[PDB]
Each structure stands twice: as C-alpha cells, then as structure tokens.
Amino acid sequence: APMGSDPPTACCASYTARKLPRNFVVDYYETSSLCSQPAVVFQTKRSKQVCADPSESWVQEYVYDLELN
C-alpha cells in the first residue's frame, strides 16, 4: 500500500539519558500530533536532534529560558 509499514511523522524512539545546557543548544523541535506520546526535541550545534521527556521539569525550564534574554 501507499503508506509504509510504520512511517513516522515527527516522533521519537528514544530520548536522551543525559544533561545538555541551553548554551550548548541551537534550537528545539516539537513532534507531530499522530503519536500518543509527545516529545521535546533539542537540535545541538555539533550533535543531532536531542529528544527529552516533556514530562520532566528541566525541559520546560530551558524552553522558558530560551525566550528570556
């Protein structure tokens, strides 16, 4: 059929089990609205995208600090 077996839109299979200071991050990215498990991505300068459990608090912290200057 047209649609593949399990073609993802903008979700994540695994998150990051470490810490990444906001200073060491360029921008962020959100997941589509098809998956039943939201995830906040964080594109790194040298590293690729970084998924983080939105449930955590540290996530919202950086998301707010980014807007602040």
# chains A, B, ... in the order shown; residues from 1 in each chain; ligands from 1
call {"tool": "select_by_dssp", "arguments": {"residues": "segment 22-53 of chain A", "states": "strand (DSSP E)", "output": "ChimeraX atom specification"}}
result
/A:25-30,40-44,51-52
call {"tool": "select_by_dssp", "arguments": {"residues": "chain A", "states": "alpha helix (DSSP H)", "output": "ChimeraX atom specification"}}
result
/A:57-67
call {"tool": "write_last_selection", "arguments": {"atoms": "N, CA and C atoms", "output": "PDB file, in the first residue's frame"}}
result
ATOM      1  N   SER A  57      10.736  18.386  34.369  1.00  0.00           N
ATOM      2  CA  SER A  57      10.636  19.822  34.614  1.00  0.00           C
ATOM      3  C   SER A  57      11.757  20.590  33.918  1.00  0.00           C
ATOM      4  N   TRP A  58      12.967  20.037  33.952  1.00  0.00           N
ATOM      5  CA  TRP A  58      14.122  20.682  33.329  1.00  0.00           C
ATOM      6  C   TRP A  58      13.826  21.078  31.882  1.00  0.00           C
ATOM      7  N   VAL A  59      12.931  20.336  31.237  1.00  0.00           N
ATOM      8  CA  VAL A  59      12.565  20.617  29.854  1.00  0.00           C
ATOM      9  C   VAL A  59      11.888  21.978  29.732  1.00  0.00           C
ATOM     10  N   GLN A  60      10.815  22.170  30.493  1.00  0.00           N
ATOM     11  CA  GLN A  60      10.078  23.428  30.471  1.00  0.00           C
ATOM     12  C   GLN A  60      10.973  24.590  30.885  1.00  0.00           C
ATOM     13  N   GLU A  61      11.941  24.306  31.750  1.00  0.00           N
ATOM     14  CA  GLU A  61      12.866  25.328  32.226  1.00  0.00           C
ATOM     15  C   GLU A  61      13.646  25.939  31.066  1.00  0.00           C
ATOM     16  N   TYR A  62      14.289  25.084  30.277  1.00  0.00           N
ATOM     17  CA  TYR A  62      15.070  25.540  29.133  1.00  0.00           C
ATOM     18  C   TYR A  62      14.176  26.208  28.094  1.00  0.00           C
ATOM     19  N   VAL A  63      12.981  25.658  27.906  1.00  0.00           N
ATOM     20  CA  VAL A  63      12.033  26.201  26.942  1.00  0.00           C
ATOM     21  C   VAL A  63      11.667  27.640  27.285  1.00  0.00           C
ATOM     22  N   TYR A  64      11.678  27.957  28.576  1.00  0.00           N
ATOM     23  CA  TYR A  64      11.347  29.301  29.036  1.00  0.00           C
ATOM     24  C   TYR A  64      12.579  30.201  29.017  1.00  0.00           C
ATOM     25  N   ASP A  65      13.730  29.627  29.354  1.00  0.00           N
ATOM     26  CA  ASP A  65      14.981  30.377  29.375  1.00  0.00           C
ATOM     27  C   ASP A  65      15.362  30.839  27.972  1.00  0.00           C
ATOM     28  N   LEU A  66      15.021  30.029  26.975  1.00  0.00           N
ATOM     29  CA  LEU A  66      15.328  30.355  25.587  1.00  0.00           C
ATOM     30  C   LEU A  66      14.659  31.663  25.176  1.00  0.00           C
ATOM     31  N   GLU A  67      13.413  31.844  25.601  1.00  0.00           N
ATOM     32  CA  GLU A  67      12.663  33.051  25.277  1.00  0.00           C
ATOM     33  C   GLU A  67      13.199  34.250  26.054  1.00  0.00           C
TER      34      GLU A  67
END
call {"tool": "closest_residue", "arguments": {"among": "A:11, A:23, A:17, A:69", "to": "residue 37 of chain A", "atoms": "only C-alpha atoms"}}
result
A:11
call {"tool": "residues_around", "arguments": {"residues": "segment 38-53 of chain A", "least_positions_apart": "3", "cutoff": "6 Å", "atoms": "only C-alpha atoms", "output": "VMD selection string"}}
result
chain A and resid 15 to 16 25 to 31 56
call {"tool": "atom_distance", "arguments": {"atom1": "atom CA of residue 21 of chain A", "atom2": "atom CA of residue 54 of chain A"}}
result
15.9 Å
